[PDB]
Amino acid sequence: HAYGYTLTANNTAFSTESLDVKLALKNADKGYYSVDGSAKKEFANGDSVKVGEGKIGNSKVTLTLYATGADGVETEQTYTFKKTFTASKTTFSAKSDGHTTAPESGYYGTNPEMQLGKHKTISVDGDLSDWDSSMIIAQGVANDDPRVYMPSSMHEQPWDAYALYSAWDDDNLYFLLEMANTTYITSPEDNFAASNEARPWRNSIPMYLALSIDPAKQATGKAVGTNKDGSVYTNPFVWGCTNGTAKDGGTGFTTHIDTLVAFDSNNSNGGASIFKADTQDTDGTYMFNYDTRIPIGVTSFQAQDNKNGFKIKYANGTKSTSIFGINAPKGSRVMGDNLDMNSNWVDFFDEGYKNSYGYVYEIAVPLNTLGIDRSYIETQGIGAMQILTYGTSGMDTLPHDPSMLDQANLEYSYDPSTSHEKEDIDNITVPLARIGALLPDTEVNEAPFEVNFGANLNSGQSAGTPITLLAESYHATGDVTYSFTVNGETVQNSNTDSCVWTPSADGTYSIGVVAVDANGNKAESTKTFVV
């Protein structure tokens, strides 16, 4: 049995102009390959194919390898690869929120497409029909929680935030939190996390909504209270401290917040509270006050009777129809892969994800516990971030903050199989997600006009093959005129976004487009095509 093969994984997606695919042979001196139906071309062991070369992004490449054994049996193996294109997207930030790190982008987004939430009455009932994708104020990714960066921590329950949605009405501020669990796909041998034991309500784990009502106030996370005898004490964080120290860390804030909704994954924490940073420290920052906190905890776990009109309901389920994240086994992660387009990004729904794998929290915070009304939300706006923990320190946030992963691959002091992110000091520096209205000093970074350009067939087609040059416009103003070029010469200049090129002779060609929109903005792309 003779056959051609590649060590390159089948259905690899690549963001580069090409993927240098290594060809090998078993029990044959020679073989042949066909790329996008090209005329068969001889290959010896070690030869390579520039899969995707000359092609437009978001196209499939088919590679067929042909071998004949001594027996005369003819063998064919067909691989498929995906060349991907991702447009840049508009971002914005305001210096007045105290942020020192730009919002994370790529698969992450803060207020994507300027979504600031909607005026809508939500039912806190675990039914997701109240929500839709247009209400997302913070987009995260799946499988970027700290355990993924350890050699073998996939046995540990995930703390994997996916998306945060918001609404408001006359009475309440509403949130939907989606959490993902991709353990079933990436690491099924780690049964504990690929089971009902992954449910976030298995135990009482702190969760937070960090809010900015007055954008000028900076609360570092430090807390102040008085004992029964009136003596003043301080803690570096509202929660997780004993004798004025945080032995297992916590989450602090550079980005401006003044309100902290401290609740729990089980809704069994009777001490759940809305803290206000109402006391100025010597450094001009504000401290969360134990003495003025608004109780929002249950009287009885069984009754789920939260105080002061706070509502929370959790369930299995998924609202998003796509779950984007990196599909890789334990030991095949890279420092910062969550911010890198070269990573093995998938929609996990294409890899066997089920709605029932995910978890949802619906939340109502009464406006009268935040000292605001609907007019304030729609005129001034507020800022929000969701924080997940596994007891003390942050693990994942929406919007996502790089302090969640800066020590992800270091060992947990009590159990070195798991992540130091469970016990370290995090500090938030990215913008909060805006609700209702943008800060007045907002600067918009508009995504410039760009094109996705290339051939409908892989480089290496035969002379006389009709090749369709294709162009796609992103962030264009009005109608676009496409000037298609071969070897620097204009072959077509018109409104039409495709052009048939039939090369008569062999050679290396440059193919290009120059696109001009209705305001004279220019986008260009030049690629190589070999005949």
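Position 1 is the first residue in the sequence shown; the rest follow in order.
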Higher avg CA temperature factor (146 to 154 vs 370 to 378, as deposited) belongs to 370 to 378
With B-factors read from the PDB entry, the higher C-alpha mean of 426 to 434 and 82 to 90 is in 82 to 90
When the entry's CA B-factors for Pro188, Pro448, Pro215, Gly336 are compared, the highest one belongs to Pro448
Assert third(CA B-factor, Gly244) within chain per record equals highest
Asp132: C-alpha B-factor third of its chain, per the entry, is the middle
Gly140: CA temperature factor from the record, placed by chain third, in the lowest
Assert third(CA B-factor, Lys228) within chain per record equals highest
Here the Cα B-factor of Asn172, set against its chain, lands in the third termed middle
